[PDB]
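# Coordinates in review
Letter by letter, the chains look like this.
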Amino acid sequence: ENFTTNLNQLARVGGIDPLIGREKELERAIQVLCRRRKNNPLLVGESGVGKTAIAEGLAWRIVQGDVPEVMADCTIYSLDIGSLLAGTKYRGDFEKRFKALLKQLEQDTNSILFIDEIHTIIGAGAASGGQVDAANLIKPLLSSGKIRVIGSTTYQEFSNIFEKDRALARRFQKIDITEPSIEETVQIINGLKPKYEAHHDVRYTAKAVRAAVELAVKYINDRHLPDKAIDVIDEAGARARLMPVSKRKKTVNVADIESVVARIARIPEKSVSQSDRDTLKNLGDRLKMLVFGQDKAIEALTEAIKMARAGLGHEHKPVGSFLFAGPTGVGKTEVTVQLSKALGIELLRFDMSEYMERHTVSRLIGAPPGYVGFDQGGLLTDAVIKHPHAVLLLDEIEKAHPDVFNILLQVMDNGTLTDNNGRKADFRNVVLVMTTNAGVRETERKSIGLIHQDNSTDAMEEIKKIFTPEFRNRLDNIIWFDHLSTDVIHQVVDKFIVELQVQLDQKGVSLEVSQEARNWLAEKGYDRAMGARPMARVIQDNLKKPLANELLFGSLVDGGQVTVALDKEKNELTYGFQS
Amino acid sequence: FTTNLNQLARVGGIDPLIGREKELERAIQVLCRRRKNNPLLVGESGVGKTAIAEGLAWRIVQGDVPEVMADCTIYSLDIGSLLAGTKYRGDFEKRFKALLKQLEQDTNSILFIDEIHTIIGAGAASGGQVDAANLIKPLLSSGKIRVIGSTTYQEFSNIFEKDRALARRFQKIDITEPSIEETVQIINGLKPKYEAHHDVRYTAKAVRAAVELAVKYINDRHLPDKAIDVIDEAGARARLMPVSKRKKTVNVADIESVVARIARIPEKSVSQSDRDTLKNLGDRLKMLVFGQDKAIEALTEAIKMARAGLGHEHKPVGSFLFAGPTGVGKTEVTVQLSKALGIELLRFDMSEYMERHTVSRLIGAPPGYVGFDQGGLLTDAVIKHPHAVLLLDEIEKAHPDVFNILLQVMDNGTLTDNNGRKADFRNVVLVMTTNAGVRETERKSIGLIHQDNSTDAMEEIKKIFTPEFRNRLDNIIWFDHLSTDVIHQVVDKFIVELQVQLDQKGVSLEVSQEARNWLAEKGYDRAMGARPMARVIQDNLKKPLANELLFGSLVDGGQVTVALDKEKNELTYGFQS
Amino acid sequence: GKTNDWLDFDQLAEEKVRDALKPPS
Ligand SMILES: Nc1ncnc2c1ncn2[C@@H]1O[C@H](COP(=O)(O)OP(=O)(O)OP(O)(O)=S)[C@@H](O)[C@H]1O
Ligand SMILES: Nc1ncnc2c1ncn2[C@@H]1O[C@H](COP(=O)(O)OP(=O)(O)OP(O)(O)=S)[C@@H](O)[C@H]1O
Ligand SMILES: Nc1ncnc2c1ncn2[C@@H]1O[C@H](COP(=O)(O)OP(=O)(O)OP(O)(O)=S)[C@@H](O)[C@H]1O
Ligand SMILES: Nc1ncnc2c1ncn2[C@@H]1O[C@H](COP(=O)(O)OP(=O)(O)O)[C@@H](O)[C@H]1O
Ligand SMILES: [Mg+2]
Ligand SMILES: [Mg+2]
Ligand SMILES: [Mg+2]
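Residues numbered from 1 in each chain as written, not as in the entry; some residues may be left out. Chains lettered and ligands numbered in written order. Part of a larger assembly, values for the part shown. Heavy atoms only, no water.

For clarity, the threshold we go by: UniProt positions are given in the numbering used here, feature names are shortened, and annotations may be inferred rather than shown by experiment.
Where the PDB entry is consulted, chain B appears under the name ATP-dependent Clp protease ATP-binding subunit ClpA, with the organism given as Escherichia coli. The record for the entry shows the title "ClpAP complex bound to ClpS N-terminal extension, class IIc". The UniProt entry for chain B carries this comment under Subunit (unreviewed entry): "Component of the ClpAP complex composed of six ClpA subunits assembled into a hexameric ring in the presence of ATP, and fourteen ClpP subunits arranged in two heptameric rings. Binds to ClpS."

The name recorded for chain A in the PDB entry is ATP-dependent Clp protease ATP-binding subunit ClpA, from Escherichia coli. Per UniProt, chain A carries the Subunit (unreviewed entry) text "Component of the ClpAP complex composed of six ClpA subunits assembled into a hexameric ring in the presence of ATP, and fourteen ClpP subunits arranged in two heptameric rings. Binds to ClpS." Here chain A is described in UniProt, under the heading Function (unreviewed entry), as follows: "ATP-dependent specificity component of the ClpAP protease. It directs the protease to specific substrates. It has unfoldase activity. The primary function of the ClpA-ClpP complex appears to be the degradation of unfolded or abnormal proteins."

### Remarks on the site of ligand 3
Residues and elements named next belong to chain B. The condition that has to hold: What makes a residue near a molecule or strand is one non-hydrogen atom of that residue sitting within 4 Å of it. N or O atoms within 3.5 Å of each other form a polar contact, as long as, within protein, one can give a hydrogen and the other can take it, and as long as residues adjacent in sequence are counted only when both atoms are side-chain atoms. Surface exposure here means Shrake-Rupley accessible area, sampled with a 1.4 Å probe, where a residue is shielded only by the protein chains that are shown.
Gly-327, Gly-329, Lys-330, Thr-331 and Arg-531 are the nearest of the 14 residues found near ligand 3. Within the backbone of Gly-329, an N or O atom sits 2.9 Å from a nitrogen atom of ligand 3. Within the side chain of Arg-531, an N or O atom sits 3.4 Å from an oxygen atom of ligand 3. Isolated, ligand 3 exposes 620 Å² of accessible area, and the fraction of that covered by the protein chains is 83%.

### Quick word on empty space enclosed by the protein
Residues and elements named next belong to chain B. The test is simple: Using only the protein atoms, space was sampled on a 1 Å grid; points where a 1.4 Å probe fits but cannot get out form cavities, open sets with protein on both sides within 12 Å along at least five of seven lines form pockets, and lining residues are those with an atom within 4 Å of a point. Grid points are joined across faces, edges and corners, and a volume is the space filled by probe spheres set on the points. Runs of E in the DSSP output that reach at least two residues are strands. Runs of H or I that reach at least four are helices, and both are numbered from the N terminus.
For the coordinates displayed, the defined rule picks out 15 cavities of 30 Å³ or more. Considered as a void within the structure, the largest cavity measures approximately 140 Å³ in volume. Every residue along the wall of the largest cavity is listed here: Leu-40, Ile-116, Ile-120, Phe-156, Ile-159, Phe-160, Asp-163, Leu-166, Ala-167 and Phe-170. When contributions to the lining of the largest cavity are tallied by element, the ones reaching two or more residues are helix 8 (153-162) and helix 9 (165-169). Sort the elements by how many residues they give to the lining of the largest cavity and helix 8 lands first, with three residues.

### Re the site of ligand 2
Residue and element names in this part refer to chain B. The condition that has to hold: We call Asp, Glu, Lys and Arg charged. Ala, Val, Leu, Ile, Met, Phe, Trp, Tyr, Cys and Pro are nonpolar, and the rest, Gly among them, are polar.
Around ligand 2 there are 15 residues in total, and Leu-17, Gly-48, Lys-49, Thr-50 and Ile-186 lie nearest to it. Within the backbone of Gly-48, a nitrogen or oxygen atom sits 2.9 Å from an oxygen atom of ligand 2. Within the backbone of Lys-49, one N or O atom sits 3.2 Å away from an oxygen atom of ligand 2. Relative to its unbound accessible surface of 640 Å², ligand 2 loses 73% to contact with the protein. Mapped by element, the contributors of at least two residues to the shell around ligand 2 are helix 3 (49-62) and helix 10 (180-198). Among the elements that line the shell around ligand 2, the one with the most residues is helix 3, at three residues. Considering only residue class, the shell around ligand 2 consists of six nonpolar, four polar and five charged.

### As for the interface of chain A and chain C
Rules: Whether two residues are in contact is decided by their heavy atoms: any pair within 4.5 Å suffices. Any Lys or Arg side-chain nitrogen found within 4 Å of a carboxyl oxygen on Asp or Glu counts as a salt bridge.
Each partner contributes to the interface: chain A provides six residues, whereas chain C provides seven residues. Seen at the junction of chain A and chain C, the total is zero salt bridges. At the boundary of chain A with chain C, the tally comes to zero residue pairs in polar contact. Residues that form the side of chain A that touches chain C fall into these classes: four nonpolar, one polar and one charged.

### Overview of the sheet that holds strand 2 (residues 38-42) of chain B
Residue and element names in this part refer to chain B. Inclusion rule: One requirement defines pairing of two strands: DSSP has to find at least two bridges between them. Lines fitted to the C-alpha atoms define the axes, with helices restricted to the stretch that makes contact. Angles between their N-to-C directions range from 0 to 180 degrees.
Taken in spatial order, the six strands line up as 1-3-4-5-2-6 in an open sheet, and their pairing is mixed. Across the chains shown, the open sheet's two edge strands, defined by having one partner strand only, are strand 1 (2-4) and strand 6 (170-174). Direction aside, neighbouring strands of the sheet carry axes that sit 25° apart on average. Across the sheet, helix 2 (residues 21-31) touches strand 2, strand 4 (109-112) and strand 6, and the angle it forms with strand 6 is around 170°.

### Quick look at the interface of chain B and chain A
As a reminder, the rule being used: In short, buried area is how much 1.4 Å probe accessible area vanishes from two parts on joining, totalled over both.
Opposite the 45 residues of chain B that make contact, chain A presents 52 residues. Between chain B and chain A, the buried area comes to about 4,200 Å², and carbon and sulfur atoms account for 52% of it. Sorting the residues of chain B by area buried against chain A places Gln-29, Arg-34 and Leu-310 of chain B first, and these three jointly supply 18% of that buried surface. The interface formed by chain B and chain A holds eight salt bridges in total. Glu-235 of chain A serves as the salt-bridge partner of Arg-26 of chain B, at 2.3 Å between the closest nitrogen and oxygen. Linking chain B with chain A are 16 residue pairs in polar contact. Listing elements by their share of the side of chain B that touches chain A, those giving two or more residues are helix 2, helix 7 (132-142), helix 8, helix 14 (275-279), helix 16 (293-308) and helix 22 (467-472) of chain B.

### Let's talk about the packing of aromatic side chains
Here is the rule we go by: The pairing test for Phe, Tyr and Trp rings, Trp by its six-membered ring, is centres within 6.5 Å, and the orientation test on the planes gives stacked under 30 degrees, edge-to-face over 60, and tilted for anything in between. A simple rule labels every residue: compare its accessible area, found with a 1.4 Å probe on the protein chains alone, to the largest value its type can have, and call it buried under 20%, exposed over 50%, or partly exposed in between. For a ring to carry a charge above it, either NZ of a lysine or CZ of an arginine must fall within 6 Å of the ring centroid while also lying within 35 degrees of the normal to the ring plane.
One pass over the structure, following the stated rule, counts 11 aromatic pairs over all chains. Where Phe-92 of chain B meets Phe-96 of chain B, the ring centres are 5.9 Å apart and the plane angle is 20°; that geometry is what we call stacked. Separated by four residues within a single helix, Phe-92 of chain B and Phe-96 of chain B lie in helix 5 (residues 91-103), roughly one turn from each other. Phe-96 of chain B matches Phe-92 of chain B in its accessibility class, with the two residues each being buried. Each ring, one from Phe-465 of chain B and one from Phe-469 of chain B, has its centre 6.0 Å from the other, and the planes form 15°; the classification is stacked. For the pair formed by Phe-465 of chain B and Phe-469 of chain B, the shared burial category is buried. A connected cluster of aromatic rings, assembled from ring pairs, spans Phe-158, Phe-162 and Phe-172 of chain A. In this arrangement the basic side chain of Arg-34 of chain B is found over the ring face of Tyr-196 of chain A, its NZ or CZ atom lying 5.0 Å from the centre. The aromatic ring of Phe-553 of chain A is capped on one face by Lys-279 of chain B, whose charged end is 3.5 Å from the ring centroid.

### Focus on the packing of helix 5 of chain B against helix 7 of chain B
Residues and elements named next belong to chain B. Just so we agree on the cut-off: Angles below 35 degrees are treated as roughly parallel, those above 145 as roughly antiparallel, those between 65 and 115 as roughly perpendicular, and all remaining angles as oblique. Left-handed describes a crossing whose near helix is turned anticlockwise from the far helix by less than a right angle; the clockwise case is right-handed.
Between helix 5 and helix 7, whose axes approach to 11 Å, the crossing angle comes to 30°. By the angle between their directions, the pair helix 5 and helix 7 is classed as roughly parallel. Note that helix 5 runs across helix 7; the crossing there is right-handed. Contact with helix 5, carried on its side by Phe-92, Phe-96 and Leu-100, involves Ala-132, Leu-135, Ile-136 and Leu-139 of helix 7 and no other residues of that element. Its residues assigned to classes, the contact of helix 5 with helix 7 comprises seven nonpolar, no polar and no charged.

Pasting the structure below:
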């Protein structure tokens with residue numbers, strides 16, 4: 001019929017790419033299809049695995065003859081859900097269309113119906129897909145068994161629509177589909193390489209196809225491995241084919257396709273380049289150049305990360321085992337975002353203080369009332385699942401319930417965190433870091449003695465006490481941030497001034513800051529316990545608050561030429577106003 | 001049935017395309033692909049998705065395009081004729097079929113279909129089961145023809161999940177707001193049509209000011225579309241508004257007025273004369289609210305920074321949290337704030353929005369239910385009133401899920417409901433209040449001489465409110481207890497509120513200065529704040545007057561005097577009638 | 001004792017639509 005396209009007819013005339021691999025998965029389909037009862041195969045796989053290719057490829061074997069005798073005359077038809085629902089405008093009209101196609105196929109023997117995205121039509125309740133209650137017109141044919149149907153449902157939907165419904169599950173044979181191995185991915189592209197080469201009229205290099213798959217899966221982090229490779233290869237050929245007006249380069253290179261991935265990934269070409277060793281070698285020089293202070297703390301972190309990326313040790317274990325421990329306001333948070341920005345991995349911030357209540361711990365694994373909402377899953381699990389290359393920043397870990405510490409111990413040992421929904425998350429490529437603002441109270445604690453001059457200077461001991469000895473064994477090394485120097489604080493003040501100057505440029509108002517003014521801001525905006533945290537408020541109240549009063553009315557409305565000074569006797573800031 | 005965009009370019013029907021060089025490179029790159037050779041220009045309303053498709057044809061004729069695209073001609077589907085012209089069955093099939101043969105046999109020919117979402121929901125006269133989408137589906141899969149589409153963000157997602165086969169064939173292309181420099185240039189190209197229709201001339205400065213004034217005040221529409229509305233209306237205003245003089249030229253003062261009308265902001269706002277209102281807002285709050293001068297200064301200072309421009313434009317006008325003891329008027333200052341500025345006050349009591357299911361109503365209800373048509377209360381309220389005050393009283397009582405919504409508002413500044421209707425918070429001030437600070441030690445210190453062992457402030461607020469949410473707040477304005485001196489001023493206003501009530505009954509109330517002091521000290525409670533003063537004024541003044549008003553001399557109306565007796569230390573009421 | 005948990009029940013909405021007829025002549 002017009003709704004469905006005959007895959008066998010299409011394969012006979014060409015236009016269908018060949019299927020490479022998937023022998024073990026494809027053979028399972030032939031096994032269940034030949035069954036007398038419960039012969040409806042179900043292709044449960046994640047998006048991009050190539051579920052449709054397995055169905056299209058199966059038809060190629062029938063026309064070619066590489067199937068049993070029973071499957072010789074078999075014909076596979078792909079149902080177009082869009083054609084049925086389109087133009088109905090009446091709940092039930094869609095059902096009438098399905099019956100006509102079903103009756104036609106039921107008459108002919110040895111007929112199969114490849115229902116793509118079957119989950120859309122059989123959704124339990126209101127859905128954003130088919131929006132049709134096709135449960136009524138799906139169980140009868142499945143129960144009758146006259147015509148067998150192939151369903152390309154996703155792993156998520158299968159766990160809810162098929163599992164909950166006994167009729168669907170009892171008349172469907174699950175066929176697990178997994179992503180192919182990296183070595184298998186290149187073989188798939190090599191087989192399909194001539195088709196794309198003949199179209200673009202360009203020849204791809206063997207090194208490009210191999211390197212493209214490695215950087216595609218890591219930098220894009222959007223789709224699955226099979227879809228990325230086919231997309232980048234097609235994208236690369238198109239770009240080089242029309243890059244110059246007259247010139248052209250039939251050959252391809254790794255550096256050429258790297259620029260293409262930058263656009264779809266929205267990352268600079270330098271980071272997208274396969275130069276992880278180069279960035280790792282100069283990791284300390286980059287962080288020290290981007291941020292100042294805590295040089296000793298930063299240098300120790302680079303040596304440890306190099307040990308994990310070398311490949312030694314157990315691969316299942318997590319790559320990141322670092323426990324930051326120092327006063328806040330010294331840039332402890334900034335190194336976590338700068339490290340991710342340089343390496344290209346994403347940044348995931350999970351504040352432990354919010355996850356303080358015992359009940360809140362459960363949210364990480366799953367929402368308490370989320371029975372209908374199984375798509376979101378656990379808060380921690382979903383972030384890791386979507387982003388397998390991202391830094392995890394845990395703040396105020398010292399103030400957490402005891403059960404929370406055990407959750408971290410499990411991943412540090414096995415490297416895999418299970419989910420109640422059943423999703424499998426891997427921390428092998430996820431770096432884990434946590435900060436603790438402990439020991440600062442002990443240092444700032446006023447001594448009970450008469451002289452009060454007693455200093456502790458042993459805050460590291462308190463860190464080991466707040467954490468159990470078991471946790472200390474798992475972590476290889478802990479990072480310690482030393483107290484900042486008054487000279488370093490002056491550079492932090494300039495950072496806020498630069499941002500203020502840029503904001504004023506849009507209005508044509510200048511800002512001059514004296515060297516003596518910076519000293520007042522540094523002392524006022526720096527606290528021993530909070531570090532540079534008050535600097536944001538101190539800069540705003542001292543500089544921005546009065547400015548707005550004059551900017552709203554006064555000489556500063558136009559002309560700019562702002563000037564700031566401080567009286568030496570009273571040590572108070574006075575800002576001169578010029579028109 | 002169709003129109004040749006390439007031929008239209010030669011005649012000049014389509015104005016020269018300005019900018020969008022990166023977008024064109026992305027469209028042509030994906031277009032030449034072996035698979036996914038159908039670009040989709042997803043964008044918002046008025047961004048220029050159709051103009052980009054039409055602009056491409058201009059580049060084809062001029063030859064700027066790579067030679068791969070040279071010799072190609074773009075066509076457009078006659079959406080109007082196909083939807084309604086071919087009402088009868090058979091005609092739609094035979095006429096469309098002819099276009100397929102014309103599309104094929106010429107690889108250089110590329111079709112364009114504006115509003116491609118329409119063909120998905122096609123219409124059938126007698127349910128023939130044949131539509132434009134199914135007819136082109138085999139062709140697109142084979143790749144013999146290439147097409148270009150256009151749709152909305154909310155509509156693009158609606159059809160993406162519903163149909164995966166069509167989504168696979170099409171490649172999404174993100175569109176962004178053009179730069180201000182790009183916007184003024186296009187208006188010059190479109191100037192001959194608008195200026196000639198109204199018989200006026202637009203100044204060069206007006207074009208630049210129009211785009212700047214629009215984005216500053218008008219945030220519902222998009223910059224490219226905004227400029228056309230303020231320009232088309234500006235010329236119309238000069239044609240009908242100056243009926244006596246009929247000014248031919250357009251001045252900068254003209255367009256700014258049109259922006260104010262379209263933006264629904266008080267006149268002279270574009271002139272910036274409203275600075276006086278913010279300049280003297282402080283004094284009005286001081287007289288209305290006593291004992292909170294320090295708190296009013298922090299709130300007033302923060303508001304000035306937003307309007308002054310010393311802040312992030314995406315960030316809202318303000319985000320403050322009011323915490324303190326009961327009766328400090330932390331919610332009274334929010335109410336009076338709206339009256340001073342004149343903007344509408346949006347009150348959202350959080351006691352009602354306490355459950356997870358109830359919090360959903362803030363951003364909208366799920367689809368497929370009776371409450372789908374209701375929409376989002378918070379989104380609808382802020383969209384109707386862009387310049388308004390959003391009051392979230394007793395936020396601590398609300399479920400923690402509501403904080404997730406507030407975290408987004410303070411970060412991005414925009415909130416979109418389930419339906420897809422975006423809401424802007426740039427001109428709305430966020431003023432939330434909490435009663436966590438009310439807790440304090442009621443018992444006094446143990447000892448012969450008491451001590452002021454007051455509990456610390458903000459300690460309990462750290463555990464109740466998450467750190468990330470706490471930091472996002474611009475400033476947490478604390479409210480101090482009302483001292484004995486401040487209570488004297490509070491009583492004075494309560495008598496005024498009582499005097500106006502008596503004015504409707506013909507009774508004039510005169511209270512002595514000594515009487516005011518007795519009422520203040522009688523009910524001055526630090527923990528209860530200002531509420532006891534109402535009960536003191538109620539029990540001592542309203543109760544006797546009410547008895548006389550119903551059964552007494554005050555039935556008609558008259559003067560009354562209140563004075564305390566030194567010997568008895570009790571108020572004495574005299575009625576003159 | 002641990003706190004209790006309450007589960008809500010959402011009701012689906014579906015309605016029937018009448019049909020008017022137009023005679024040709
Ligand atoms: N094992 C494989 N052998 C050959 N080609 C493959 C294989 N896996 C994936 N592909 C290719 O990748 C694509 C898989 O088919 P698709 O229709 O894209 O799959 P899909 O699961 O329907 O995708 P969605 O709709 O994005 S979830 C085709 O371009 C295939 O040629
Ligand atoms: N990038 C552009 N280059 C040149 N002209 C443009 C551009 N964007 C918009 N225009 C012009 O601005 C006009 C108004 O924009 P519209 O055509 O309404 O945009 P649109 O995105 O097609 O709108 P819809 O159909 O309502 S989503 C266009 O018709 C063009 O004349
Ligand atoms: N500082 C003040 N100046 C004048 N009137 C005040 C002041 N504080 C409270 N009031 C009055 O006392 C009442 C306060 O009511 P609310 O505004 O609800 O109090 P609030 O302290 O802001 O909040 P609570 O603690 O949740 S009742 C009103 O009648 C106000 O007019
Ligand atoms: N070493 C530093 N160099 C520059 N600025 C710093 C440094 N340490 C702290 N700061 C300032 O203090 C802030 C502390 O980090 P931020 O992300 O604002 O908050 P938090 O520390 O609570 O995560 C920095 O963003 C910056 O404004
Ligand atoms: Mg910091
Ligand atoms: Mg358009
Ligand atoms: Mg209140």
